[PDB]
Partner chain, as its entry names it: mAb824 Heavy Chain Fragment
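The chain below stands alone and is given as structure tokens, in the form solved without its partner chain.
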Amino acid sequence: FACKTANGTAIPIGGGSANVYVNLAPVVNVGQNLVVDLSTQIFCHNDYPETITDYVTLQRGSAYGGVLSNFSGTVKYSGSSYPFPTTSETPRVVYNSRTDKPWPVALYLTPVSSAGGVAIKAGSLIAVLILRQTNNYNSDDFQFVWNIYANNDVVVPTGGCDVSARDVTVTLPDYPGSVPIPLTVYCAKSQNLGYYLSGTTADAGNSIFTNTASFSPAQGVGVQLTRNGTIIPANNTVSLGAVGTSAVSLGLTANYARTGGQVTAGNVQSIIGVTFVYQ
């Protein structure tokens, strides 16, 4: 039994725990969200397949690590799905070839939020996997740990729906111009979806966001969002009706709005949060 990652780096087998760096592409699916498919990341082979046949299972106590430590889910192992954290040992994968075959493992997450996400940074631990290696010819039976680290910055979707972007940046035309905000949303299966805006408001009506621009900033103006010509105030539920696998625009448009007093020349900036809810 010998393994290597996608980039050809060898995984030392046995000894202490191994730090295995892998790529993530988290997506929502029906009834579960994918954190990582290791079958494209880890590949393994047998050097004496004619005489020796290697067996490898996933031992119980394999669980998420780091920011994901908190979550539960499943692990699809060799076509079958099992709860994750693993409560019992999985069935074995056979390694009877000198040709590198992938390690058929995919880590899933049970949806808990509407459209939430967890930031996962490059270099951070995401799972702690305990493996048990045996063979068909002698009594060698050994366990070792594979700490799975992320090789790229991603955001694991913790809900039934996924946003087109976690950080949107729009540029307003010069005052008093407006511009649409590019942002859509979709769900694994149909969800009666809505959302509301949050952030620091300038007015009592909670419909204008404060200008937090630092350098040569404008006075007397803030940012205000509209949808179909209708002003959207903060902490106000916007219904999107039924949202399915097809992306549905939020319909949001950015605008300027006077906050009161003389309007003076300068930069304008406003950070506005969007939070999704079920209905």
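Residue numbers count along the first chain shown, from 1.
There is another form of the same protein, the form solved in complex with its partner chain; it is not shown, and what comes next is about it.
Note on the partner interface in the deposited bound form: the residue among 97, 151, 78, 206 having a heavy atom within 4.5 angstroms of its partner chain is 78. Note on contacts: among 226, 29, 69, 249, the single residue with a heavy atom within 4.5 Å of its partner chain in the deposited bound form is 29. Taking the partner from elsewhere, residue 34 is found to have a heavy atom lying within 4.5 Å of its partner chain in the deposited bound form.
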